[PDB]
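Any value given below was found using the heavy atoms of this structure, including those in side chains, with hydrogens, waters and symmetry copies removed. In each ligand, atom 1 is the first atom listed, and ligand 1 is the first ligand listed. In what follows, residues are counted from 1 in the order of the sequence shown.
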Amino acid sequence: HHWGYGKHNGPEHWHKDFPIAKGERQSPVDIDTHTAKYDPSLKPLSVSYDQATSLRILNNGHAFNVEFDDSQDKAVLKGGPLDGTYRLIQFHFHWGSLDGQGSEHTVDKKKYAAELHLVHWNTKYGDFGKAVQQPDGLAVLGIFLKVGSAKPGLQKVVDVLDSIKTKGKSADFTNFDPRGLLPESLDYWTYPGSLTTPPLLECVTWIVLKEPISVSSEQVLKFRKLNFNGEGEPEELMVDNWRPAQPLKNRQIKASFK
Ligand SMILES: On1ccc(F)cc1=S
Ligand SMILES: [Zn+2]
């Protein structure tokens with residue numbers, strides 16, 4: 001009886017194994033666009049992904065992770081609200097059963113069809129495992145997906161999902177360029193929060209881009225053919241793997257833009 005997204009093991013249950021689920025800096029949150037404060041002192045965000053080395057794609061039973069070689073400063077996030085250098089370790093998505101839901105963050109209570117999380121760890125802590133124990137350990141770049149035109153830079157991800165249908169399957173996934181997943185604008189909201197899955201550690205500077213990317217109905221349909229279950233278990237479609245909005249409590253969302 002492990003955590004999941006079902007009636008018996010979903011987000012309303014997580015607090016029993018992970019009591020920080022009811023903590024002071026949980027994620028995601030609703031972004032109230034009229035309450036977020038423009039902070040003219042935020043530096044421009046620096047996304048340096050030209051030397052990014054993708055290695056592998058994994059179905060972990062909750063999502064799929066596209067994993068990167070994080071053994072050198074090859075794909076880094078810097079600037080914006082961040083002090084120092086954060087190394088890209090993986091990206092994943094959260095998505096719905098229907099185009100009307102799927103994102104974790106909301107914007108004036110609007111739910112997008114999906115949300116991309118590019119996960120980076122603070123190099124001052126040496127590895128990801130130590131970084132997640134620090135209040136400034138991670139920087140997650142959050143990008144909303146809406147359904148419309150195809151995102152060409154996503155198709156290589158969509159085409160390998162057949163090969164990782166069930167929990168614990170992986171596949172070689174070299175030479176994937178995550179720059180093909182970014183929108184034009186790097187305008188963002190930022191606030192201190194958490195992982196959105198167990199163990200829900202309060203180690204994340206969230207950087208949520210204002211501009212969504214467009215993906216095709218056919219692209220998100222392929223996300224929804226994945227399985228939470230392992231091979232030769234009853235089929236449970238990997239859908240609605242999103243945590244809903246948590247209490248803002250004593251936190252200020254800042255906007256990089258007027
Ligand atoms: O869901 N998830 C899992 C790992 C991680 F580092 C960040 C997030 S958002
Ligand atoms: Zn996530």
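An angle of 110° is found at the Zn ion (ligand 2) between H92 atom NE2 and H94 atom NE2, rounded to 10°.
A distance of 6.0 Å or more separates the ring centres of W189 and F144. In this structure, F176 has its ring center under 6.0 Å from that of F91. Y188 and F257 have their aromatic ring centers separated by at least 6.0 angstrom. For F128 and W121, the gap between ring centers reaches or exceeds 6.0 Å. Ring-centre distance between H94 and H105: not below the 6.0 Å cut-off.
Nearest non-hydrogen protein atom to atom 6 (F) of ligand 1 is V119 CG1, 3.4 Å. For atom 4 (C) of ligand 1, the closest non-hydrogen atom of the protein is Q90 NE2, 4.0 Å.
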| request: For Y125 and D136, run side chain to side chain donor-acceptor pair (under 3.5 Å): C-alpha distance rounded to whole Å, both residues' side-chain angles, the deciding distance at 0.1 Å, then the answer. | output: CA-CA 10 Å; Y125 301 128; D136 57 357; 2.5 Å; yes

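Side chain of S54 to backbone of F173: a donor-acceptor contact under 3.5 angstrom is found. When atom types are taken as modelled, the side chain of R251 and the backbone of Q26 share a donor-acceptor pair closer than 3.5 angstrom.
Considering backbone and side-chain atoms together, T197 places an N or O closer than 3.5 Å to an N or O of ligand 1.
Proximity to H117 (heavy-atom distance under 4.0 Å) selects the following atoms of ligand 1: 9 (S). Atoms of ligand 1 lying under 4.0 Å from any heavy atom of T196, numbered from 1 in the order shown and given with element: 1 (O), 9 (S). Each of the atoms 6 (F) of ligand 1 lies under 4.0 Å from some heavy atom of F128. Of all the atoms in ligand 1, the ones that sit under 4.0 Å from a non-hydrogen atom of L195 are 5 (C), 6 (F), 7 (C).
Of the heavy atoms in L138, only side-chain atoms (C-beta onward) come closer than 4.0 Å to ligand 1. At a heavy-atom distance under 4.0 Å, only side-chain atoms of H92, from C-beta outward, approach ligand 1. Neither the backbone nor the side chain of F91 comes within 4.0 Å of ligand 1, counting heavy atoms alone.
Note on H117: its N/O/S atom closest to the Zn ion (ligand 2) is ND1.
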